[PDB]
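This is data-v1.txt. It holds compact mmCIF, C-alpha atoms and all ligand atoms.
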# COMPACT_ATOMS: atom_id res chain seq x y z
CA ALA A 1 96.40 100.66 76.98
CA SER A 2 97.36 100.85 80.63
CA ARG A 3 98.15 103.65 83.10
CA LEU A 4 100.39 103.11 86.13
CA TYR A 5 99.07 103.57 89.66
CA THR A 6 100.39 102.89 93.15
CA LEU A 7 98.61 101.65 96.19
CA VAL A 8 100.19 101.54 99.69
CA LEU A 9 98.91 99.71 102.77
CA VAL A 10 100.30 100.71 106.12
CA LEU A 11 100.14 97.38 107.89
CA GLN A 12 101.48 96.81 111.39
CA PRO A 13 101.25 93.49 113.19
CA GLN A 14 97.94 94.23 115.02
CA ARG A 15 96.33 96.78 112.64
CA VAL A 16 96.01 98.41 109.24
CA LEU A 17 95.53 102.07 108.34
CA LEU A 18 92.81 103.01 105.91
CA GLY A 19 91.44 106.41 104.84
CA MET A 20 87.83 107.26 104.11
CA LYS A 21 87.84 109.26 100.89
CA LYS A 22 85.57 112.34 101.23
CA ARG A 23 85.40 113.30 97.52
CA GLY A 24 86.51 112.16 94.06
CA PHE A 25 88.13 108.79 93.48
CA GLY A 26 86.76 106.08 95.76
CA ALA A 27 84.68 108.54 97.75
CA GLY A 28 82.76 106.90 100.58
CA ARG A 29 85.01 103.85 100.79
CA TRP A 30 87.99 103.02 103.01
CA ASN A 31 91.01 103.33 100.68
CA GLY A 32 94.72 102.81 100.91
CA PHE A 33 97.04 105.55 99.79
CA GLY A 34 97.94 105.94 96.18
CA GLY A 35 97.53 107.44 92.76
CA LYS A 36 99.11 107.98 89.34
CA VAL A 37 102.82 107.49 88.86
CA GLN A 38 104.26 110.66 87.35
CA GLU A 39 106.71 111.25 84.51
CA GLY A 40 110.36 110.55 85.42
CA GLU A 41 109.35 108.87 88.66
CA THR A 42 109.90 105.18 89.40
CA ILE A 43 106.92 103.22 90.62
CA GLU A 44 108.40 102.88 94.13
CA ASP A 45 109.16 106.63 94.34
CA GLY A 46 105.54 107.38 93.29
CA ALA A 47 104.26 105.08 96.05
CA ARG A 48 106.36 106.80 98.67
CA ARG A 49 105.18 110.15 97.35
CA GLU A 50 101.50 109.22 97.37
CA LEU A 51 101.69 107.83 100.92
CA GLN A 52 103.35 110.99 102.20
CA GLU A 53 101.11 113.37 100.23
CA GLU A 54 97.89 111.57 101.13
CA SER A 55 98.53 110.16 104.65
CA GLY A 56 101.07 112.57 106.19
CA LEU A 57 103.26 109.55 107.04
CA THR A 58 106.87 109.24 106.13
CA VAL A 59 107.93 105.70 105.14
CA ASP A 60 111.32 104.06 105.35
CA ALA A 61 111.11 100.61 103.74
CA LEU A 62 108.39 99.84 101.14
CA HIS A 63 107.83 96.20 100.17
CA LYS A 64 106.15 95.40 96.90
CA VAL A 65 103.36 92.88 97.47
CA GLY A 66 101.24 92.81 94.34
CA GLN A 67 100.10 93.98 90.97
CA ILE A 68 96.37 94.32 90.17
CA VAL A 69 95.11 95.28 86.70
CA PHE A 70 91.62 96.85 86.70
CA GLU A 71 89.38 96.96 83.68
CA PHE A 72 86.24 99.10 83.85
CA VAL A 73 83.90 98.11 81.03
CA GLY A 74 83.60 100.97 78.53
CA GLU A 75 86.72 102.81 79.84
CA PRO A 76 89.68 102.45 77.45
CA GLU A 77 92.54 102.69 79.95
CA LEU A 78 93.35 99.67 82.10
CA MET A 79 94.55 100.71 85.57
CA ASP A 80 97.79 98.94 86.39
CA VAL A 81 98.12 99.12 90.14
CA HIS A 82 101.37 98.31 91.90
CA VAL A 83 100.63 97.44 95.51
CA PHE A 84 103.05 97.95 98.39
CA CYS A 85 103.09 97.37 102.12
CA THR A 86 105.07 98.98 104.96
CA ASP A 87 105.26 98.46 108.69
CA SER A 88 108.06 101.03 109.20
CA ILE A 89 106.50 104.50 109.33
CA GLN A 90 107.12 107.84 111.01
CA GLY A 91 104.45 110.34 111.92
CA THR A 92 100.75 110.33 112.77
CA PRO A 93 98.17 110.16 110.03
CA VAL A 94 96.64 113.56 109.35
CA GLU A 95 92.94 114.10 108.53
CA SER A 96 92.47 116.46 105.62
CA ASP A 97 89.76 117.83 103.34
CA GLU A 98 90.13 114.75 101.16
CA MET A 99 90.48 111.90 103.64
CA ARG A 100 89.74 110.67 107.17
CA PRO A 101 92.37 108.12 108.29
CA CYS A 102 91.52 105.37 110.79
CA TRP A 103 93.30 102.31 112.16
CA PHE A 104 91.52 98.95 111.97
CA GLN A 105 92.28 95.77 113.86
CA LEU A 106 92.95 92.99 111.38
CA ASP A 107 89.73 91.13 112.27
CA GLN A 108 87.65 94.33 111.90
CA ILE A 109 88.59 95.32 108.33
CA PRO A 110 85.55 97.14 106.88
CA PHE A 111 85.12 95.09 103.69
CA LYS A 112 81.52 96.17 103.30
CA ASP A 113 82.70 99.81 102.92
CA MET A 114 85.70 98.98 100.71
CA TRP A 115 86.10 98.27 97.01
CA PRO A 116 84.71 94.78 96.44
CA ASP A 117 87.97 93.31 95.02
CA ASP A 118 89.70 93.96 98.38
CA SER A 119 87.83 90.97 99.95
CA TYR A 120 89.79 88.77 97.45
CA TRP A 121 93.36 90.09 97.78
CA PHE A 122 93.52 91.71 101.19
CA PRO A 123 93.67 88.25 102.90
CA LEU A 124 96.76 87.41 100.81
CA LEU A 125 98.36 90.74 101.82
CA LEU A 126 97.68 89.97 105.48
CA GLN A 127 99.33 86.54 105.24
CA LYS A 128 102.48 87.98 103.58
CA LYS A 129 101.72 86.49 100.14
CA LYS A 130 102.58 88.31 96.88
CA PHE A 131 99.99 88.35 94.09
CA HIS A 132 98.97 89.16 90.53
CA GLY A 133 95.38 89.95 89.98
CA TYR A 134 92.95 91.20 87.39
CA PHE A 135 89.42 92.50 88.01
CA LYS A 136 86.84 93.38 85.38
CA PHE A 137 84.27 95.81 86.82
CA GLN A 138 80.93 97.09 85.51
CA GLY A 139 80.62 100.39 87.31
CA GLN A 140 82.30 100.64 90.68
CA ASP A 141 80.22 98.03 92.50
CA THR A 142 80.14 94.90 90.37
CA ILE A 143 82.90 92.43 89.60
CA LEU A 144 82.08 90.66 86.29
CA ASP A 145 85.14 88.40 86.46
CA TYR A 146 88.58 88.26 87.91
CA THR A 147 91.70 86.28 88.27
CA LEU A 148 94.02 86.19 91.22
CA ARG A 149 97.12 84.12 91.84
CA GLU A 150 100.01 84.04 94.26
CA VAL A 151 103.42 84.69 92.87
CA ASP A 152 107.02 84.42 94.04
CA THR A 153 108.02 87.63 92.24
CA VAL A 154 105.73 90.62 91.82
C1 LIG A 201 92.62 99.53 100.23
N1 LIG A 201 92.16 99.22 98.89
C2 LIG A 201 92.02 100.13 97.93
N2 LIG A 201 92.44 101.38 98.10
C3 LIG A 201 92.32 102.30 97.12
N3 LIG A 201 91.75 102.16 95.92
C4 LIG A 201 91.32 100.91 95.72
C5 LIG A 201 91.42 99.86 96.67
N4 LIG A 201 90.83 98.76 96.09
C6 LIG A 201 90.40 99.06 94.83
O1 LIG A 201 89.78 98.34 94.07
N5 LIG A 201 90.71 100.38 94.60
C7 LIG A 201 90.30 101.11 93.40
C8 LIG A 201 91.34 101.37 92.34
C9 LIG A 201 91.07 101.10 91.01
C10 LIG A 201 92.00 101.37 90.03
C11 LIG A 201 93.19 102.00 90.36
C12 LIG A 201 93.45 102.32 91.68
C13 LIG A 201 92.53 102.01 92.67
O2 LIG A 201 94.66 102.93 91.95
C14 LIG A 201 95.32 102.70 93.21
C15 LIG A 201 95.32 103.98 94.00
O3 LIG A 201 94.10 104.05 94.70
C16 LIG A 201 94.12 104.84 95.89
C17 LIG A 201 92.78 104.67 96.57
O4 LIG A 201 92.85 103.49 97.41

Translate the structure of the given file into structure tokens.
Amino acid sequence: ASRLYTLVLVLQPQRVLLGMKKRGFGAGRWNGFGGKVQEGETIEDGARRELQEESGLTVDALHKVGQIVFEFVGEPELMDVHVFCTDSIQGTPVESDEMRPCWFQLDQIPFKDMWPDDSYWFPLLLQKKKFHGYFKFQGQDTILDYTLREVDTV
């Protein structure tokens, strides 16, 4: 009982782009760019779409870096998130009614104001590792258990 989602991190050698979500999903946390894959769309197309729609950036190459399955206790649908990274972008990120984009130096990532699972996988992302992960959450703030392993093939 899963539903497909994309998540894109715009990661250049000195810095990463995150957006503060002003409302709705993930509000009040620094998020990457992503959402539900639509009907007739490949996962990679959906990721490019979500980045563009949400960030204002246009991406050339996307690289798949991970898959994370989220379980929220009591919610029937598992969220199957396909995670991608790019360093080849065009444009300037645009602040909108839904999000406030900001660049962070890699040693100043705001983990305290991010989803708590990010402290586990973001360091793999930053070191160019690919991963499979699973996080069981109670509410949005508590990780009950998780697994996370590095893989050769996402
Ligand atoms: C940078 N880390 C995270 N960024 C986001 N959500 C994040 C990030 N880390 C995280 O746990 N989430 C929540 C989450 C949970 C289930 C499905 C999800 C996201 O779909 C991926 C699309 O989410 C876009 C919002 O960005």

* Length of the CA of residue 62 (chain A) to CA of residue 11 (chain A) vector [Å] -> 10.9 Å

* To do: May I ask for the distance between CA of residue 94 (chain A) and CA of residue 29 (chain A), given in Å to one decimal place?
  => 17.4 Å

* **Surrounding residues as a ChimeraX atom specification, ligand LIG 201 (chain A), max 6 Å, only C-alpha atoms and all ligand atoms** => /A:5-7,31-35,70,79,81,115,117-118

* Asked: Which one of A:76, A:91, A:133, A:56 sits closest to residue 1 (chain A) if you count all atoms listed in the file?
  -> A:76

* **Answer as a PyMOL selection string, residues within 7 Å of (88.6, 94.0, 85.5) using only C-alpha atoms** => chain A and resi 69-72+134-137+145-146

Taking 3 positions as the minimum chain separation for residues in the same chain, which residues sit within 12 Å of residue 24 (chain A) when counting all atoms listed in the file? Answer as a compact mmCIF listing (two decimals) with C-alpha atoms, keeping the file's coordinate frame.
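So result.txt came out as:
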# COMPACT_ATOMS: atom_id res chain seq x y z
CA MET A 20 87.83 107.26 104.11
CA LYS A 21 87.84 109.26 100.89
CA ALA A 27 84.68 108.54 97.75
CA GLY A 28 82.76 106.90 100.58
CA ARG A 29 85.01 103.85 100.79
CA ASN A 31 91.01 103.33 100.68
CA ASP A 97 89.76 117.83 103.34
CA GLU A 98 90.13 114.75 101.16
CA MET A 99 90.48 111.90 103.64

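Between CA of residue 88 (chain A) and CA of residue 42 (chain A) the separation is 20.3 Å.
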
* **Which residue of A:57, A:131, A:49, A:116 approaches residue 36 (chain A) most closely, using only C-alpha atoms** => A:49

* Smallest atom-to-atom distance to residue 126 (chain A): which of A:87, A:73, A:54, A:148, using all atoms listed in the file? -> A:87

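Closest approach to residue 110 (chain A) from the set A:46, A:129, A:16, A:58 is made by A:16, with distances taken over only C-alpha atoms.
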
* Asked: Can you find the residues with an atom no farther than 8 Å from (97.1, 105.0, 109.9), counting only C-alpha atoms, and report them as a VMD selection string?
  -> chain A and resid 10 16 to 19 55 92 to 93 101 to 103

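You can rank A:150, A:125, A:30, A:37 by their closest distance to residue 109 (chain A) using all atoms listed in the file, and at the top of that list sits A:30.
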
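Counting all atoms listed in the file and comparing A:132, A:48, A:100, A:3, the residue that lies closest to residue 86 (chain A) is A:48.
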
Write out N, CA and C atoms for region 66-98 of chain A, as a PDB file, in the coordinates of the input.
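So the final result, stored in selection.pdb, reads:
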ATOM      1  N   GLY A  66     102.166  93.243  95.358  1.00  0.00           N
ATOM      2  CA  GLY A  66     101.240  92.810  94.340  1.00  0.00           C
ATOM      3  C   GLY A  66     101.132  93.721  93.149  1.00  0.00           C
ATOM      4  N   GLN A  67     100.505  93.195  92.106  1.00  0.00           N
ATOM      5  CA  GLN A  67     100.100  93.980  90.970  1.00  0.00           C
ATOM      6  C   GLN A  67      98.671  93.601  90.630  1.00  0.00           C
ATOM      7  N   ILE A  68      97.795  94.582  90.471  1.00  0.00           N
ATOM      8  CA  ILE A  68      96.370  94.320  90.170  1.00  0.00           C
ATOM      9  C   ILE A  68      96.043  95.166  88.943  1.00  0.00           C
ATOM     10  N   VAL A  69      95.507  94.527  87.911  1.00  0.00           N
ATOM     11  CA  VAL A  69      95.110  95.280  86.700  1.00  0.00           C
ATOM     12  C   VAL A  69      93.590  95.414  86.736  1.00  0.00           C
ATOM     13  N   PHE A  70      93.082  96.627  86.718  1.00  0.00           N
ATOM     14  CA  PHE A  70      91.620  96.850  86.700  1.00  0.00           C
ATOM     15  C   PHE A  70      91.146  97.243  85.318  1.00  0.00           C
ATOM     16  N   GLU A  71      90.064  96.610  84.905  1.00  0.00           N
ATOM     17  CA  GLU A  71      89.380  96.960  83.680  1.00  0.00           C
ATOM     18  C   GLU A  71      88.001  97.456  84.122  1.00  0.00           C
ATOM     19  N   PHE A  72      87.609  98.646  83.667  1.00  0.00           N
ATOM     20  CA  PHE A  72      86.240  99.100  83.850  1.00  0.00           C
ATOM     21  C   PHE A  72      85.595  99.077  82.473  1.00  0.00           C
ATOM     22  N   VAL A  73      84.547  98.283  82.325  1.00  0.00           N
ATOM     23  CA  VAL A  73      83.900  98.110  81.030  1.00  0.00           C
ATOM     24  C   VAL A  73      83.469  99.471  80.463  1.00  0.00           C
ATOM     25  N   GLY A  74      83.800  99.676  79.198  1.00  0.00           N
ATOM     26  CA  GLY A  74      83.600 100.970  78.530  1.00  0.00           C
ATOM     27  C   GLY A  74      84.713 102.011  78.641  1.00  0.00           C
ATOM     28  N   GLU A  75      85.565 101.921  79.659  1.00  0.00           N
ATOM     29  CA  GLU A  75      86.720 102.810  79.840  1.00  0.00           C
ATOM     30  C   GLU A  75      87.915 102.213  79.082  1.00  0.00           C
ATOM     31  N   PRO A  76      88.528 102.989  78.201  1.00  0.00           N
ATOM     32  CA  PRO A  76      89.680 102.450  77.450  1.00  0.00           C
ATOM     33  C   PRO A  76      90.935 102.108  78.223  1.00  0.00           C
ATOM     34  N   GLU A  77      91.305 102.919  79.235  1.00  0.00           N
ATOM     35  CA  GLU A  77      92.540 102.690  79.950  1.00  0.00           C
ATOM     36  C   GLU A  77      92.339 101.602  81.002  1.00  0.00           C
ATOM     37  N   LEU A  78      93.206 100.610  80.972  1.00  0.00           N
ATOM     38  CA  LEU A  78      93.350  99.670  82.100  1.00  0.00           C
ATOM     39  C   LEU A  78      94.134 100.377  83.200  1.00  0.00           C
ATOM     40  N   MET A  79      93.802 100.113  84.471  1.00  0.00           N
ATOM     41  CA  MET A  79      94.550 100.710  85.570  1.00  0.00           C
ATOM     42  C   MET A  79      95.464  99.674  86.145  1.00  0.00           C
ATOM     43  N   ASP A  80      96.757  99.916  86.014  1.00  0.00           N
ATOM     44  CA  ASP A  80      97.790  98.940  86.390  1.00  0.00           C
ATOM     45  C   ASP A  80      98.305  99.361  87.745  1.00  0.00           C
ATOM     46  N   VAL A  81      97.798  98.721  88.798  1.00  0.00           N
ATOM     47  CA  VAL A  81      98.120  99.120  90.140  1.00  0.00           C
ATOM     48  C   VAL A  81      99.216  98.266  90.789  1.00  0.00           C
ATOM     49  N   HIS A  82     100.280  98.922  91.212  1.00  0.00           N
ATOM     50  CA  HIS A  82     101.370  98.310  91.900  1.00  0.00           C
ATOM     51  C   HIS A  82     101.186  98.531  93.389  1.00  0.00           C
ATOM     52  N   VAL A  83     101.055  97.408  94.107  1.00  0.00           N
ATOM     53  CA  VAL A  83     100.630  97.440  95.510  1.00  0.00           C
ATOM     54  C   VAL A  83     101.815  97.179  96.431  1.00  0.00           C
ATOM     55  N   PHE A  84     101.933  98.017  97.439  1.00  0.00           N
ATOM     56  CA  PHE A  84     103.050  97.950  98.390  1.00  0.00           C
ATOM     57  C   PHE A  84     102.542  97.937  99.807  1.00  0.00           C
ATOM     58  N   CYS A  85     103.376  97.405 100.697  1.00  0.00           N
ATOM     59  CA  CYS A  85     103.090  97.370 102.120  1.00  0.00           C
ATOM     60  C   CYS A  85     104.293  97.887 102.911  1.00  0.00           C
ATOM     61  N   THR A  86     104.021  98.563 104.028  1.00  0.00           N
ATOM     62  CA  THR A  86     105.070  98.980 104.960  1.00  0.00           C
ATOM     63  C   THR A  86     104.574  98.752 106.361  1.00  0.00           C
ATOM     64  N   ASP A  87     105.509  98.439 107.255  1.00  0.00           N
ATOM     65  CA  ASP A  87     105.260  98.460 108.690  1.00  0.00           C
ATOM     66  C   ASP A  87     106.204  99.445 109.393  1.00  0.00           C
ATOM     67  N   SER A  88     107.118 100.075 108.640  1.00  0.00           N
ATOM     68  CA  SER A  88     108.060 101.030 109.200  1.00  0.00           C
ATOM     69  C   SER A  88     107.712 102.450 108.766  1.00  0.00           C
ATOM     70  N   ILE A  89     106.969 103.142 109.618  1.00  0.00           N
ATOM     71  CA  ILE A  89     106.500 104.500 109.330  1.00  0.00           C
ATOM     72  C   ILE A  89     106.941 105.467 110.403  1.00  0.00           C
ATOM     73  N   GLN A  90     106.912 106.751 110.054  1.00  0.00           N
ATOM     74  CA  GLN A  90     107.120 107.840 111.010  1.00  0.00           C
ATOM     75  C   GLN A  90     105.990 108.815 110.860  1.00  0.00           C
ATOM     76  N   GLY A  91     105.513 109.357 111.971  1.00  0.00           N
ATOM     77  CA  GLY A  91     104.450 110.340 111.920  1.00  0.00           C
ATOM     78  C   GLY A  91     103.119 109.771 112.412  1.00  0.00           C
ATOM     79  N   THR A  92     102.120 110.638 112.374  1.00  0.00           N
ATOM     80  CA  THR A  92     100.750 110.330 112.770  1.00  0.00           C
ATOM     81  C   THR A  92      99.916 110.655 111.551  1.00  0.00           C
ATOM     82  N   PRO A  93      98.929 109.809 111.232  1.00  0.00           N
ATOM     83  CA  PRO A  93      98.170 110.160 110.030  1.00  0.00           C
ATOM     84  C   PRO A  93      97.342 111.412 110.275  1.00  0.00           C
ATOM     85  N   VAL A  94      97.254 112.243 109.263  1.00  0.00           N
ATOM     86  CA  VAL A  94      96.640 113.560 109.350  1.00  0.00           C
ATOM     87  C   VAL A  94      95.309 113.580 108.592  1.00  0.00           C
ATOM     88  N   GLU A  95      94.213 113.947 109.240  1.00  0.00           N
ATOM     89  CA  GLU A  95      92.940 114.100 108.530  1.00  0.00           C
ATOM     90  C   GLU A  95      92.969 115.400 107.750  1.00  0.00           C
ATOM     91  N   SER A  96      92.455 115.338 106.527  1.00  0.00           N
ATOM     92  CA  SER A  96      92.470 116.460 105.620  1.00  0.00           C
ATOM     93  C   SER A  96      91.092 116.627 104.997  1.00  0.00           C
ATOM     94  N   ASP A  97      90.967 117.633 104.148  1.00  0.00           N
ATOM     95  CA  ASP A  97      89.760 117.830 103.340  1.00  0.00           C
ATOM     96  C   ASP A  97      89.426 116.669 102.398  1.00  0.00           C
ATOM     97  N   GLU A  98      90.381 115.796 102.104  1.00  0.00           N
ATOM     98  CA  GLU A  98      90.130 114.750 101.160  1.00  0.00           C
ATOM     99  C   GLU A  98      89.993 113.399 101.832  1.00  0.00           C
TER     100      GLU A  98
END
